[PDB]
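Side chains included, hydrogens not; waters and symmetry mates left out as well; all remaining heavy atoms used. Residue numbers start at 1 and run along the sequence shown.
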Amino acid sequence: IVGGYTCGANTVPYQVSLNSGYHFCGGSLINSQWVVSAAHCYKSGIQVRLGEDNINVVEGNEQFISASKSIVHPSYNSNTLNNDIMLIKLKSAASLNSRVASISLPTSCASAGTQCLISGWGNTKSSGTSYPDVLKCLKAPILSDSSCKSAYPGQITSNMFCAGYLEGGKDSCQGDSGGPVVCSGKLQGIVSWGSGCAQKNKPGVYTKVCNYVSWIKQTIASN
Ligand SMILES: *[B]([O])([O])[C]([C]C1=[C]C(C#N)=[C][C]=[C]1)[N]C(=O)[C]1[C][C][C]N1C(=O)[C]([N])[C]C1=[C][C]=[C][C]=[C]1
Ligand SMILES: [Ca+2]
């Protein structure tokens, strides 16, 4: 996250880190046994780390659980990033508590103007590299579809939305992928892609979660 702030330990209780020897992607806890992430985060050998703040220090609130299966969206396109969403089933159910908690799926899509919270352990520099050990947060509004499409001509589908600031300076970045955009207590977005980080007129682009609730529900019902 660029231009954000330090969340505070365990204040974002649905945030997970995906680890394959190191943190490589974020995700969100949707129930005691299921995580949602970006399909571009797919790989084998994923351990899901919950209850994290400092990802390099065991602080006492963590649950580390192996994934038993992952399901990439049937229509994921790796070239265009259309349908950038995947589900991961944990080997065992997490123990939910004040520091580890699920986030609710949306009943409705969120509208342009809504303020949201984006979080992750990704790079914190727009040019140059510095990866935080602790969780960073950013408040950002959802941008209009028009602003989005004009920022990225020909690249925005109905399954994507832009959030951030046209002026730049604050944005998601590398390492934040898969992570949550929460608005009014509902998971509305998944960190997906961007043209660099925090550049003017190039806001981060997010998977529109409200388009997938039926797929998610259906898939968790039979897996
Ligand atoms: B995620 O992997 O950590 C990361 C998040 C992110 C990256 C950038 C940049 N630059 C800005 C905001 C968020 N996501 C990416 O690296 C995604 C996944 C693969 C490539 N990518 C992009 O952001 C690309 N820079 C742009 C892209 C757009 C359409 C098709 C392919 C790549
Ligand atoms: Ca670690």
Side-chain angles (χ1 to χ4, degrees), residues 1-5 7 11-18 25-31 34-41 50 71-73 75-76 80-88 101-122 135-149 151-152 155-166 170-173 175-194 197-198 202-220:
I1 309 284
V2 183
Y5 63 98
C7 299
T11 59
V12 184
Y14 44 85
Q15 172 82 54
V16 329
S17 162
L18 309 181
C25 264
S28 296
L29 193 65
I30 57 175
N31 71 41
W34 288 92
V35 157
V36 61
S37 191
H40 92 254
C41 292
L50 312 178
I71 299 147
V72 168
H73 194 271
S75 316
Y76 171 58
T80 61
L81 290 193
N82 192 34
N83 300 295
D84 187 20
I85 188 174
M86 73 167 309
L87 290 171
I88 301 162
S102 39
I103 188 68
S104 301
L105 300 187
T107 26
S108 341
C109 300
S111 299
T114 319
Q115 287 291 344
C116 308
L117 187 68
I118 307 154
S119 52
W121 289 275
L135 189 68
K136 302 294 191 167
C137 280
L138 173 68
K139 283 293 283 181
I142 293 168
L143 270 354
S144 52
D145 194 83
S146 42
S147 304
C148 199
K149 274 172 182 48
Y152 294 101
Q155 300 154 75
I156 306 295
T157 70
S158 57
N159 299 313
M160 301 179 180
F161 74 80
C162 286
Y165 303 91
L166 288 202
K170 306 201 188 64
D171 215 340
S172 55
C173 206
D176 286 323
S177 279
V181 186
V182 169
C183 324
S184 312
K186 306 302 183 212
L187 177 74
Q188 292 281 358
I190 295 167
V191 184
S192 185
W193 66 271
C197 314
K202 291 289 173 172
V205 181
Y206 300 88
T207 307
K208 194 165 188 158
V209 180
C210 63
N211 284 359
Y212 301 98
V213 311
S214 40
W215 170 72
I216 290 159
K217 299 178 286 80
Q218 200 260 126
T219 301
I220 70 192

Rounded distance (nearest 0.5 Å) linking atom [atom1] of [X] with atom [atom2] of [Y]:
{"X": "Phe161", "Y": "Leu143", "atom1": "CZ", "atom2": "CG", "value": "10.0 Å"}
{"X": "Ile216", "Y": "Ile71", "atom1": "CD1", "atom2": "CD1", "value": "11.0 Å"}
{"X": "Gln188", "Y": "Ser111", "atom1": "CD", "atom2": "OG", "value": "9.0 Å"}
{"X": "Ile30", "Y": "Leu187", "atom1": "CD1", "atom2": "CG", "value": "8.0 Å"}
{"X": "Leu81", "Y": "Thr157", "atom1": "CG", "atom2": "OG1", "value": "9.5 Å"}
{"X": "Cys7", "Y": "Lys136", "atom1": "SG", "atom2": "NZ", "value": "8.0 Å"}

State, yes or no, whether a side-chain contact exists between [X] and [Y] at a heavy-atom distance under 4.5 Å.
{"X": "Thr11", "Y": "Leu135", "answer": "no"}
{"X": "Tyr206", "Y": "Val191", "answer": "yes"}
{"X": "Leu166", "Y": "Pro203", "answer": "yes"}
{"X": "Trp193", "Y": "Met160", "answer": "yes"}
{"X": "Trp215", "Y": "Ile85", "answer": "yes"}
{"X": "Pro106", "Y": "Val213", "answer": "yes"}
{"X": "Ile103", "Y": "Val182", "answer": "yes"}
{"X": "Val72", "Y": "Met86", "answer": "yes"}

Set of ring-ring contact (aromatic ring centres under 6.0 Å, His included) partners for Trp34, sequence neighbours left out: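 Not a single residue meets the ring-ring contact (aromatic ring centres under 6.0 Å, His included) criterion with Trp34.
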
Partners meeting ring-ring contact (aromatic ring centres under 6.0 Å, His included) with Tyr212 (sequence neighbours left out):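 Counting only residues at least two positions away or on another chain, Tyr212 forms a ring-ring contact (aromatic ring centres under 6.0 Å, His included) with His73.
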
Minimal non-hydrogen separation, [X] against [Y], with atom names:
{"X": "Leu18", "Y": "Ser37", "result": "CD1-OG, 3.4 Å"}
{"X": "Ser17", "Y": "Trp121", "result": "CB-CZ3, 3.7 Å"}
{"X": "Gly194", "Y": "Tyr152", "result": "CA-OH, 3.9 Å"}
{"X": "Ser28", "Y": "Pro180", "result": "OG-CB, 3.2 Å"}
{"X": "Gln15", "Y": "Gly26", "result": "NE2-CA, 3.9 Å"}
{"X": "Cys137", "Y": "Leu117", "result": "CB-CD1, 3.9 Å"}

Output all residues satisfying side-chain contact (heavy atoms from CB on, under 4.5 Å) with [X], sequence neighbours left out; order by chain, then residue number.
{"X": "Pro141", "value": "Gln115, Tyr165"}
{"X": "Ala38", "value": "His40, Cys41, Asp84, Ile190"}
{"X": "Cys173", "value": "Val2, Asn123, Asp176, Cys197"}
{"X": "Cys148", "value": "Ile156, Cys162"}

Any donor and acceptor pair, going by atom type alone, linking the side chain of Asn159 with main-chain N or O of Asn211 inside 3.5 Å?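 No.
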
Treating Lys202 as the side-chain partner and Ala151 as the backbone partner, does any N or O pair qualify as donor plus acceptor under 3.5 Å?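 Checked: pair present.
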
Going by distance alone, is a donor N or O of one side chain under 3.5 Å from an acceptor N or O of the other, for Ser75 and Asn83?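 Short answer, no.
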
